[PDB]
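For reference, the structure discussed in these notes is given below.
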Amino acid sequence: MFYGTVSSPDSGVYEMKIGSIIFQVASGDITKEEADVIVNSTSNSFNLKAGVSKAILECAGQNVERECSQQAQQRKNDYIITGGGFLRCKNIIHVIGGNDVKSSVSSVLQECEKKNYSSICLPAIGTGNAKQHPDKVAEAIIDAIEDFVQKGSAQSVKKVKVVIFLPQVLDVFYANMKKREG
Ligand SMILES: Cn1ncc(Cl)c1C(=O)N1CCCCC1
Ligand SMILES: [Cl-]
Ligand SMILES: [Cl-]
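Numbering (this note's numbering), first residue to last: 41 to 222.
Laid out in structure tokens, this is it:
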């Protein structure tokens, strides 16, 4: 109903269409990417500095760390939106790694439409300190994008890329894409 064909447009990058969105996966350091939004997978206190969250907070800088702690004390947040600091993005969206991954991705997509953004880059949310299983995480990320497209909600969002630290996790995402392909 929505899925195109899986191919490789560049070395180490794999892609397929999901409605009007191009969905891509690759392995690398997410802090070197450029996108309108970069997603951080963190703790419910928004101050985890371990694995991909360490890299994101160190690169983003102390003003972003300060933004995170200020918002965390103000209210009970499922996720937080901050500036990009010294990352190459307009905003960072900090999601809780232990939360339902489909719900977290749905929220990121809706916030990006609100800002008329076109590109998103995310890690394999929940596979680090939260220790969620990689194929459940891949299934949830892709399901969220399918639902967003099915509801007619994709207008400004055109590109969603997962940059994955461990090559063995990339292999799981590629197999999930092949399961779905048209
Ligand atoms: C499990 N994991 N997924 C992404 C990242 Cl980053 C990590 C991580 O904790 N590290 C630190 C130890 C050396 C390998 C990378
Ligand atoms: Cl995590
Ligand atoms: Cl990752």
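Cβ coordinates follow ideal geometry from the N, Cα and C atoms, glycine included.
Quiz item: When the Cα of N103 is compared with those of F42, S144, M217 and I132, which residue comes out closest?
Solution: The residue you call residue 103 lines up with position 63 of the sequence shown. Looking at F42, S144, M217 and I132, the one whose alpha-carbon comes closest to that of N103 is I132.
Quiz item: How close, in whole Å, do the beta carbons of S85 and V92 come, if the pair is a contact with beta carbons under 8 angstroms?
Solution: Here residue 85 refers to the residue found at position 45 when the sequence shown is read from its first residue. Here residue 92 refers to the residue found at position 52 when the sequence shown is read from its first residue. Not quite, the Cβ-Cβ distance comes to about 16 angstroms (not below 8 angstroms), so this is no contact.
Practice problem: Just grab the DSSP bridge partners of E74 for me. | Solution: For the purposes of this step, residue 74 is taken as residue 34 along the sequence shown, with counting starting at 1. Bridge partners of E74: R128.
Practice problem: On a CA-only basis, which of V53, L97, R106 and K57 is nearest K198? Give me that one, please. | Solution: Residue numbering aside, residue 198 sits at position 158 when the sequence shown is read from its first letter. Looking at the Cα atoms, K57 is the closest of the given residues.
Practice problem: Counting only the same chain and skipping the five closest in sequence on each side, list residues whose C-beta sits under 7 angstroms from that of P49. | Solution: Along the sequence shown, one-based indexing puts residue 49 at 9. Once the five neighbours on either side are set aside, the close Cβ partners of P49 are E55.
Self-check item: Minimum length 4: unbroken alpha helix (DSSP H) runs contained in the region 138-182
Solution: Whole alpha helix (DSSP H) segments, 4+ residues: 141-154.
Quiz prompt | Cβ-Cβ distance between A170 and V202 below 8 angstroms | solution = For the purposes of this step, residue 170 is taken as the residue at position 130 of the sequence shown. For the purposes of this step, residue 202 is taken as the residue at position 162 of the sequence shown. Cβ atoms of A170 and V202: not closer than 8 angstroms.
Practice problem: Give the C-beta separation of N156 and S193 to the nearest angstrom, bearing in mind that I take them to be a contact with Cβ-Cβ under 8 angstroms. | Solution: For the purposes of this step, residue 156 is identified with residue 116 of the sequence shown, where counting begins at 1. For the purposes of this step, residue 193 is identified with residue 153 of the sequence shown, where counting begins at 1. Contact flag wrong, Cβ pair sits at about 13 angstroms.
Quiz item: Can you give the beta carbon distance from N139 to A178, rounded, assuming they're within the 8 angstroms contact cut?
Solution: Position 99 of the sequence shown, counting from 1, holds the residue named residue 139. Position 138 of the sequence shown, counting from 1, holds the residue named residue 178. Approximately 16 angstroms separates the beta-carbon atoms of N139 and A178; this is outside 8 angstroms, ruling out the contact.
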